[PDB]
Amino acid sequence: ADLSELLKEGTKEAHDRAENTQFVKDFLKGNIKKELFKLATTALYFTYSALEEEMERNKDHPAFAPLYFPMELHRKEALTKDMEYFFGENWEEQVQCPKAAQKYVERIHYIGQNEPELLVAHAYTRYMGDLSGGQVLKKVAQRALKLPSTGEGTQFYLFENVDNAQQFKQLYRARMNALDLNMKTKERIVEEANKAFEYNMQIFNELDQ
């Protein structure tokens, strides 16, 4: 069956578990204060820094190259702007990676250096969710934190180079389903995606504290 279909069915439960964490339910209610949002944003910066370093490393690898979208998808530059807004120009000295995020970052580096055919599990799960959810999450955070109308602090959530998210999600899915993969590796990709949702849940719960 289609890898996209296997990922939908094989990750529904782990997806729902992460969506039902206390941090997510508080955020969507607007109950997320600035300092804690700065920590959550720090976690994203280190996560997407790692993910995009590994996608660039495998940009020519046949099990990943069709999904290399630096212009359309990469978030590191956007997150850098958000970190500069929330912390100021010397933001890099002010942060440290949260422990569960550091564990996810290590797993991304391992996957990209040792099992590049699984890197899609992380890219799909992160960027397809980002594209669907960006506008909703941006509005919630701008209102709750009273952020500037001009978009400072929420550039992570805006895909400046994706004209239409539903058309791009469709293109991305069709390319993923066309990767030449047997059922052995497709099942590992589903298990790696569930692994990602687990790291996701662990980062949320570390934020909740």
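The first residue of the sequence shown is number 1, and the count goes up from there.
Across the two stretches, 22-30 and 50-58, the PDB entry reports the greater mean Cα temperature factor for 22-30.
Remark: of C97, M83, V136, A121, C97 shows the highest value [criterion: C-alpha B-factor in the PDB entry]. Ranked against the other modelled residues of its chain, the C-alpha B-factor of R175 as given in the entry falls in the middle third. Among the modelled residues of its chain, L44 has a C-alpha B-factor that falls in the lowest third, as given in the PDB entry. Ranked by C-alpha B-factor against the other modelled residues of its chain, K146 falls in the middle third. In this PDB entry, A63 carries a Cα temperature factor that places it within the middle third of its chain's modelled residues.
In this PDB entry, the Cα temperature factor of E77 sits in the bottom third of its chain's modelled residues, the lowest group.
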